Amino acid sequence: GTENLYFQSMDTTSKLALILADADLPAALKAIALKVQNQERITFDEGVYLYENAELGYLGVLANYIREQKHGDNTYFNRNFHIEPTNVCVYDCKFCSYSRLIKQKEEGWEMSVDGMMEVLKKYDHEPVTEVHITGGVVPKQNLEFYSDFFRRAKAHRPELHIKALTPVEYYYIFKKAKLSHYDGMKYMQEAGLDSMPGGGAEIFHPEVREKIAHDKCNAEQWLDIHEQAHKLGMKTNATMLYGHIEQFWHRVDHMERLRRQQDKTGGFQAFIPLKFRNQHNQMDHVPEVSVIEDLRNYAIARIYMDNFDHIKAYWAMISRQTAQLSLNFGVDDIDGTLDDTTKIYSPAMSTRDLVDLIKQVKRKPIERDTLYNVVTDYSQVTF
């Protein structure tokens, strides 16, 4: 007929009404669709039910309804850069190339505070607004190391926002320094820490965590360090590593613990699915999941995580097509390090490239501030 074409042509609100009026839709899926229409929270069991039963089309109707209700077409990005203090690590995560079981200390490097400051100064005449600091955990890079770096960075470039380190790092540094998590985070904030990134969550459930990330900080510890950051007024993000050896209920359990923490302390801005990759780690024969599973996962994340403003995708972590399609399955925040530089003396994402990627799937490219206000609306900007 033209039935599929007509459904595809409907506005977001009409699509959800059409699903709710479909006599053939199983009752479980109608009840969940009705919750979404009413901005009601879905349960753990409903989350599992979506992962086990829901088709991509259905999930896109719900997730996109939420994404447009919260953000309209806005698709946010900012101008950041990275410093990696070390590319080796004391811990043994089976999905990570820096695991002490696959990479000896001699096969990598550990920056000094001087070296980190030399990297930071390369960006002095760049319109970056924040630096992201993440990497391995090593004994020389302790409380004094990081606090000295934050103080030197703020002395040199006061206006540069520092988004640095995960609870995996903070648990290790605060245990050795004999500070409580609160007093440790307070000390780092005073030194110049502004916010935290979302890494190190992996999967919370011990059934999975004991297998893939057995020796670094546990879920209670990870959530506790975010709780203390939130009590100090800091913003943070949260991740979930998916599509490896976990079961769908392990994903919903993960998201449930995050959702309860957000209801307690309110400090998370973005939820960030991280797709497992089977290259250069101890999990080389674990198959990666399909683009369809990536998109069902973004959608279910959008539906489940009702108290997180943003769902973030990293353009360098997924294909161009997956990143663009994700903007229709719940994603409103697209991230990575923008690179307008030209190689001299001879795959970067320029601002023009990213703006065109976003406009190609009918979305509105927004350069944001740290609280997701509009700094530049690129929608009618021509280059």
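Residues carry their position along the shown sequence, with the first being 1.
- The mean Cα B-factor in the deposited entry runs higher for 278-286 than for the other of 186-194 and 278-286.
- The PDB entry records a higher mean C-alpha B factor for 105-113 than for its counterpart among 230-238 and 105-113.
- Highest CA B-factor among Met317, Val355, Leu62, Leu325, as stated in the entry: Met317.
- Split the chain's modelled residues into thirds by C-alpha temperature factor. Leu34 is in the highest one.
- Compared with the other modelled residues of the chain, the Cα B-factor recorded for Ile311 ranks in the lowest third.
- Sort the modelled residues of the chain by CA B factor and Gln269 lands in the lowest third.
- Looking at the C-alpha B-factors along this chain, the one for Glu367 belongs to the middle third.
- In the deposited entry, the Cα temperature factor of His214 sits in the top third of values across the chain's modelled residues.
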